[PDB]
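Only one chain is given next, in structure tokens, and it is the form deposited in one PDB entry.
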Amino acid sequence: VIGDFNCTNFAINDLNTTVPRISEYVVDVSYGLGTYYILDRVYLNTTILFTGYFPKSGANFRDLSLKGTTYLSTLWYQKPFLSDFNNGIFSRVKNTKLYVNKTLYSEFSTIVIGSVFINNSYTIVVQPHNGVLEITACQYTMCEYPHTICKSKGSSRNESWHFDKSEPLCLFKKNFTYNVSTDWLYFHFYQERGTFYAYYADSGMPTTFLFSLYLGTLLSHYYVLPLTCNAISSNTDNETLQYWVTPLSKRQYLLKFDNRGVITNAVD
């Protein structure tokens, strides 16, 4: 389970089925994937040795996106999908582009980052709403079996990942736009000395600082929410979710900057 609130009994498989194969992809940083811009600094036409929260080059990304239709499997809400956060994670996220009457809609998996996922603890939630990225850190009563839905194409079940009837206590609540036409988003989520840090990119690969948030507590877990949809399948549109995640750690990189100060290359 994620949280411990019984939000629903509708269409749950508690059967000990085959675990879905988590797909894996090698981390290659040679074009600046997994890197970020340093503070308020510009570096031009140069190489820098810098120690930062970076992926291990040659480690694996895991695709933790889960697309459902009606049934939720209880095995989705366990290890290996429920994952240790440690220092942090780098996300490579497919922007799943869907069309309704030729109008573009942007979907991708919500991620939750927390400890115990109960309403005496803060859970960070990063959720897309079609070009708006809603980021919150609140005392959510997370569901046992949380998921999101396609708002665009609809779903056979309602969205429920928390059950707060009155507004929960929040440390953070901000919206960030992202470019809905992009094919990929990139995120760093990490923690240092009781403070959470987020970086993102929607164009190119090297991320930029979004925000930081003092928590005063260690985050221990993250989970990529299942998304349920009538579409995003071989019998509808041949679209897919992808939410690739790999651990961060304090690593020395060589960073190469071009004459615009873009990180064009990196070495672990």
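Just so we're on the same page, rigid core means the largest C-alpha set that superposes within 1.5 Å between forms. One-based numbering along the sequence shown.
In what follows, reference is made to the form solved in complex with a small molecule, a form of this protein that is not presented.
Residues placing heavy atoms within 4.5 Å of the small molecule in the entry with it bound fall in a single listed stretch, namely 63-71, out of 211-219, 49-57, 63-71, 35-43. Annotation: in the entry with it bound, residues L15, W76 and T236 each come within 4.5 Å of the small molecule through at least one heavy atom. Contact check for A201: every heavy atom lies farther than 4.5 Å from the small molecule in the entry with it bound. Proximity of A231 to the small molecule in the entry with it bound: non-hydrogen atoms within 4.5 Å are present. Remark: with the core as the superposition reference, the CA shift of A11 between the shown form and the other one stays below 2 Å. In the entry with it bound, the CA atoms of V19 and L64 sit closer together than in the displayed form, by at least 3 angstroms.
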